[PDB]
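**Q** got a structure for you, letters missing:
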């Protein structure tokens, strides 16, 4: 805890030539100074994607433990913060994709993942596996899809995983394909490029995942779904 | 359309590619470095270590080790202490 | 009379200058290293979002760091005791003279108040004649270009 | 302020010039403002009704976006120009019932459907759910 | 200041430290010194 | 279980006990490639053992690509002779196998989602980063890459016993998550 | 550049030659031969003969020629 | 003091041999011969880059390779130089590359 | 075609050496003589220290020594190899195949090891 000297008022406060004789001194500890900078970076990343403050608070707590544990001392602080931010989103039940975290961070996706693994090891903690429904609300909302389409996409992805029609596929790829299937079955139709941009998945990956679930399209769709485009006439590709 | 998910930033892959393409500086033989080191001294009487590395294009540790044997550090209060390429 | 518009514009000029200042600083580090810079990562959205919010949230006018010279009382919690009270709070006028300072002349009912300011509505106590309310039809020019 | 001052301030800002060799120029062209929006913890945006902000202690602010043109001179007699359309630069609190307010242009019946008093004159800001009025 | 004396730092360095010590000590008693900077609470609020 | 993992790659390091001139080796060695800017070692390949070895100026050499313990030692000795044939006093000192890589298939799909839940302490499944589950066995220090297709890759073993022992431990676990 | 760099190689070659045990003095031209400085400029030769080889504290002028200074150094 | 690649070729060998004949006759000092070779390398290197605008393709099997000081010494066996206009067959070829 | 390219090379070579021949003070007649000659010429082992236990583990070393076969000299833009094959992005260069000289600008080559 410290006090900062205020600005000079009278002539006595100023040296013989202009500059104030009493100047603030950097007395902050190096460990605290780096930690302070990390929290500033954490807040900056969160605002880019409008993360709630509670997630930021969890992220700040995670970094302090990681920073104190010093298992990741060799890695850049920004990467740790970016990885810590990713873990906080998972811990709070609103996971963000590594690409989404990278979009708001100068650190690349690969480094974030590497730090993410180390932080879990250092903290002796675990994160629940991501499901296709963990991204439907954000992906559909960003695509400006109605609630009915979002519900259909959520049901399609959940049913497809349960039916094991996309074994080994990344949950994001399955969700993007499910959104595309639901989007093409409603008035609001979105292209693969459109869904890929928000979902962060290449249109080719959406095409592959969609092709796997297309054969059983009627089964995956909700029973009480109003098909603007009939399931039979859904795109085949 | 802002902060779209991306695996790696475009500015970052270009920098990574340039670093990979350029490659790490190699440790050349002492004689060649010495010959190039003294040729540089001809152009300018005084050289900065950071700028001197670019001319030699040698690892900093290797350059310092060779420069330490013959080169000496002269303390200048105006800016900072720099290296002297004159053996004496 | 400085209204929210001129008031907010003054704040935005500083925040935007700060926004560009950090944008220049962030870009300077990356360009110095020889690598291109991501424009999105250079922008700190907290500068404008929080700066505007803090000034309105607390009423301290200016910067939180420079609260010493910041004008206080500019922003107040809207009074919901009565609809007339709510209306009056939205038509209130604050005199430049500090409330602590005492001077009759600024507190006096000047002749120029006719038709512009209510001659009767004014608080009793240290704020007599300093806090005022607009006349019923009185309007404040929003300003325009003289070109 | 929103319609003119914000654009004027952004336009009046000198272009940012970087030189440290490649030279980078940044110019802010246009200002875009959206409806007062709230983001759920999952990241889904949604319009923020004034009543919701009061109850949930939110700040009635509209996302702010700006068009930025990035031109780089690499000393090779080649100029590359790229524009980052609608670059988010922060959020501006919105005076209620103003031209950019959600309640703007809503009939008395519409305001009732939004749990908003038609007689309410607006003219104030909701910061963290607190109705704030800027005193002249 | 004690470390600088033990470390034998430069006289001007010690003089600056003495200046700060005099300021802090003086403002520990009276923070309303005329024509002198005020001691803020890291948030712009002068110390009491 | 009836399934024995088959080694795919073995990494063995042997010290030649003498400093070597990397530039000279590259000029005279048949298949050596030396790029000091890229890497500080000399990379050489011999087709018949089908292995690749890296040679450092310190005299220590690393041999990789061998499919068996005998092949690794034989390949390492052949590399040492090549250096010895170049006029250096290369020897075969403290030869050791540093890593053994084995692969096998369980012949049935695996529900990785269930496996991580029951073995979160050892499992690490991140579809975003890698499509295969990473299992870190403790009793043997072996890292296993389990995939939905059933393919299992074992690595980090110092002896062939660990590779077989590790698979024997994980196989019953995989059988409990058969898809 | 020119006029200031060839001298360093002469000194370094001189130092290395002394380490071999060759205490005998060496002429300016002779030292230039082994340092690949046969193209050394004329005005550089006189400068070395007048300033560099006398001002330096490690150069001894013996019978006209120049030799190392191990006596000053502790051996 | 240059790249010095085409010296060990038919064009390079002829130039080197010619300089030797003049040297034996004392017509040219040895220093001049080195300068002539140096200038030729600059001209040939620039000549190939600018006045050559034809693409070629080839396939084969590699028997040996080397690398040192950014110089490759590939050794290909049974190479099939295939071009749009003609196809050329060779039992063995050595490809030396530099940069 | 190739002979025409060779003739152009001669013009560049003679022109590029004119300045040098003036610097050293040698008579210009040398260049004329050089061209004439140049044209004519063209047209259980527990104790493992001993490595002698293995022999004939190499191949003939005269492949590089002879160099009488066709030799190709060029420049490389990219050279990639993936565990079996070597890929060559060789740029402008020269080739000596069966005496005949071949010239190319872009070369693509895949080889098997």
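**A** Structure received. Numbers count the residues shown, from 1 in each chain, chains lettered A, B, ... in the order given.

**Q** show me where chain I has strands.
**A** Applying DSSP state E to chain I gives strands spanning I:70-81, I:85-97, I:100-104, I:106-112.

**Q** center of chain I, which residue is that?
**A** Using CA atoms, centre = their mean, the residue of chain I that lies closest to the mean C-alpha position is residue I:73, 3.0 Å off.

**Q** and it, what does it touch?
**A** Listed by CB atoms under 8 Å, 6 or more residues apart in numbering or on different chains, the contact set of residue I:73 reads H:5, H:6, H:8, H:9, H:96, H:97, I:93, I:94, I:95, I:96. Where C-beta positions appear, they are placed from N, C-alpha and C, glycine not excepted.

**Q** residue F:26 and residue H:66 touch, don't they?
**A** Yes: Residue F:26 is within contact range of residue H:66, at 6.6 Å (criterion: CB atoms under 8 Å).

**Q** overlap in contacts of the two?
**A** What both residue F:26 and residue H:66 touch, as defined by CB under 8 Å, 6+ apart, is the set F:32, F:33.

**Q** and those two? which has more neighbours close in?
**A** Between residue F:26 and residue H:66, residue F:26 has the larger neighbour count (other CB atoms under 10 Å in any protein chain shown), namely 23 against 20.

**Q** what helix or strand is that one located in?
**A** helix F:22-28 (DSSP states H and E).

**Q** same question, residue C:143
**A** With DSSP H and E as criterion, residue C:143 is part of no helix or strand.

**Q** residue D:1 versus that one, what's the distance?
**A** For residue C:143, the distance to residue D:1 equals 10 Å [CB to CB, to the nearest Å].

**Q** so the two - more neighbours on which side?
**A** Neighbour totals were compared for residue C:143 and residue D:1, and residue D:1 leads with 21 against 11 (other CB under 10 Å).

**Q** show me the helices in chain D, by range?
**A** D:5-12, D:50-56, D:108-113 (DSSP state H).

**Q** is the biggest helix by length in chain I anywhere near chain H?
**A** Across chain I, the longest stretch assigned as helix under DSSP H is helix I:2-23. Yes: contact of helix I:2-23 with chain H (CB under 8 Å from any CB of the partner chain) involves I:5, I:6, I:8, I:9, I:12, I:13, I:16, I:17, I:20, I:21.

**Q** distance of the residue in chain E that chain G sits nearest to from residue E:21?
**A** In chain E, the residue that lies nearest chain G is residue E:8 (30.9 Å; CB to the nearest CB). Distance of residue E:8 to residue E:21, computed by CB to CB: 18 Å.

**Q** repeat for residue B:88
**A** 47 Å.

**Q** neighbouring contacts of the helix ranked longest in chain A?
**A** In chain A, taking DSSP H as the definition, the longest helix is helix A:30-48. Outside helix A:30-48, the residues within contact range by CB under 8 Å, 6+ apart are A:28, A:51, A:53, A:55-56, A:59-60, A:63-64, A:67, A:77-78, A:80-82, A:84-85, A:101, A:103-105, B:2-3, C:40, C:44-46, C:49, D:88.

**Q** list only buried entries from those.
**A** A:51, A:55-56, A:59-60, A:63, A:67, A:77-78, A:80-82, A:84-85, A:101, A:103-105, B:2-3, C:40, C:44-46, C:49, D:88 (16 or more other CB atoms under 10 Å in any protein chain shown).

**Q** in strands, which of those residues appear?
**A** Going by DSSP E, the strands hold residue D:88 from those.

**Q** so what's residue D:114 up against?
**A** D:49, D:50, D:51, D:102, D:103, D:106.

**Q** grab the nearest non-local neighbour of the third one.
**A** Here the nearest residue to residue D:51 in space, its sequence neighbours aside, is residue D:115; by CB to CB, 6 or more residues apart in numbering or on different chains that works out to 4.6 Å.

**Q** how far away is the residue in chain A that chain C sits nearest to from chain I?
**A** Here chain A gets closest to chain C at one residue, residue A:47, 4.8 Å apart by CB to the nearest CB. In this view, residue A:47 and chain I are 43 Å apart by CB to the nearest CB, to the nearest Å.

**Q** same question, residue A:48
**A** Counting by CB to the nearest CB, the gap between residue A:48 and chain I amounts to 38 Å.

**Q** could you do residue F:127 as well?
**A** 26 Å.

**Q** that residue against residue A:134, yeah?
**A** No: counting by CB under 8 Å, residue F:127 stays clear of residue A:134, with 11.9 Å between them.

**Q** give me the neighbour count for residue I:40.
**A** Count around residue I:40 with other CB under 10 Å applied: 10.

**Q** give me phi/psi at the residue of chain D found nearest chain H?
**A** Nearest residue of chain D to chain H: residue D:76, at 19.8 Å (CB to the nearest CB). Residue D:76 adopts backbone torsions of phi -100, psi 20, taken as degrees, to the nearest 10.

**Q** what of residue E:6?
**A** Dihedral angles (degrees, to the nearest 10) for residue E:6: phi -60, psi -40.

**Q** now, which of the contacts of residue D:114 sits nearest residue A:13?
**A** residue D:50 (48.0 Å; CB to CB).

**Q** residue D:35 versus that closest one, what's the distance?
**A** 12 Å.

**Q** so which of the two has more stuff around it?
**A** Per other CB under 10 Å, whichever of residue D:50 and residue D:35 has more neighbours is residue D:50, with 25 against 15.

**Q** contact partners for the more buried one?
**A** D:60, D:96, D:101, D:102, D:103, D:114, D:116, D:126.

**Q** can you check residue I:98 too?
**A** Applying CB under 8 Å, 6+ apart, the residues contacting residue I:98 are H:90, I:70.

**Q** overlap in contacts, residue D:50 and residue D:35.
**A** Joint contacts of residue D:50 and residue D:35 (CB under 8 Å, 6+ apart) are residue D:102.

**Q** what about the strands in chain D?
**A** D:16-19, D:23-33, D:37-39, D:45-47, D:61-73, D:79-93, D:125-127, D:130-134.

**Q** wasn't residue A:152 part of a helix?
**A** Yes: checked against DSSP: H, G, I helix; E, B strand; the rest coil, residue A:152 lies within a helix.

**Q** common neighbours of residue C:143 and residue D:1, please.
**A** Joint contacts of residue C:143 and residue D:1 (CB under 8 Å, 6+ apart) are residue C:6.

**Q** which of residue F:127 and residue A:134 has more neighbours?
**A** Neighbours per residue, other CB under 10 Å: of residue F:127 and residue A:134, the larger number sits with residue A:134, 22 against 19.

**Q** these two touch, right, the more buried one and residue A:96?
**A** No: the pair residue A:134 and residue A:96 fails to qualify as a contact (CB under 8 Å) at a distance of 9.4 Å.

**Q** residue G:10 - that's part of a helix, no?
**A** Yes: with three-state DSSP as the criterion, residue G:10 is located in a helix.

**Q** tabulate the residues of helix I:2-23 next to chain H in a markdown table, adding columns for distance to chain E and neighbour count.
**A** Converted to a markdown table, these look like this (distance: CB to the nearest CB, whole Å; neighbours: other CB atoms under 10 Å in any protein chain shown):
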| residue | distance to chain E | neighbour count |
| --- | --- | --- |
| I:5 | 74 | 14 |
| I:6 | 76 | 16 |
| I:8 | 73 | 12 |
| I:9 | 71 | 19 |
| I:12 | 68 | 17 |
| I:13 | 69 | 23 |
| I:16 | 64 | 18 |
| I:17 | 66 | 20 |
| I:20 | 62 | 15 |
| I:21 | 67 | 21 |
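
**Q** for residue C:80, which non-adjacent residue is closest in space?
**A** residue C:86 (5.8 Å).

**Q** contact partners of the strand or helix carrying that neighbour?
**A** Element membership of residue C:86, judged by DSSP H and E, is helix C:83-90. For helix C:83-90, contacts defined as CB under 8 Å, 6+ apart pick out C:76, C:78, C:79, C:80, C:121, C:133, D:119, D:121, D:123, D:124, D:133.

**Q** ok, then the element right after that helix?
**A** strand C:92-94.

**Q** for chain F, give me its nearest residue in chain E.
**A** For chain E, the residue closest to chain F is residue E:42, as judged by CB to the nearest CB, at 41.4 Å.
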